[PDB]
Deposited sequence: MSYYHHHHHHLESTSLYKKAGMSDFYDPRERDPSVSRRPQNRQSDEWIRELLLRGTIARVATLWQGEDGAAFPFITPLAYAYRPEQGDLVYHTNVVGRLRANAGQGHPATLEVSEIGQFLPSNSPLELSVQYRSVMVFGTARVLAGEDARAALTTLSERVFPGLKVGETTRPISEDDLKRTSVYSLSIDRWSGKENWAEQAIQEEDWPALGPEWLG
């Protein structure tokens, strides 16, 4: 800054900057529903958080990383997992679930400590997950398998999914209520001009 430069020889926020008119004006790094759809379509790993009853009677969240597929017409995401707790902290046949998908890029160094950060795109989905049965479960597992292994075809590449297979697997549909998307994928963190610049070891 001038103040610092002048002091050595002896605000930013409202000053000129370049802006691309095409870029999101949404606050807090928020993204459009179409952006959310596209990220969900190209991802293959999610975390799912669901609530289970703990030793103290209190509900607490599990987090499970798992393969998933988004089925846009159905309005759901499908996955399979035999992870359970003791009792779910939930009434009924479906359970509330939060699912997260992200693309994590590089850590972004700075000579300003609170500008240190990591590139990310992240979607949170809120919905209700239910266990599928029979042909519903077979079709969902098929869509999942063929999504996460491009080119694989159940019944050709693999043997068909049998009734035994289905009895051994818990297959879920998470029906979407709402979702949230967020991106902060800068090429460089904000730097502090009034401290020595990071060397080439960092931004090189």
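According to the record, C-alpha coordinates are lacking for deposited residues 1, 12-22.
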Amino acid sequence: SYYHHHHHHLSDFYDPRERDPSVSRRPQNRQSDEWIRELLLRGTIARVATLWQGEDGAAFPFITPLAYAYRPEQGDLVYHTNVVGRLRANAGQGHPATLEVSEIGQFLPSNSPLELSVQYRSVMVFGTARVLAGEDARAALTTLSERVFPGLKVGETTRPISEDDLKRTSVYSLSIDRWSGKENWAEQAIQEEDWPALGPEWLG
From here on, numbers count along this sequence of modelled residues.
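Taking the mean C-alpha B-factor of each stretch as recorded, 22-30 and 153-161 are not equal, and the higher mean is that of 22-30. Taking only CA atoms, the mean B-factor in the PDB entry is higher for 88-96 than for the other of 110-118 and 88-96.
Note on the listed residues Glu146, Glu55, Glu38, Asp136: the highest Cα temperature factor in the record is that of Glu55.
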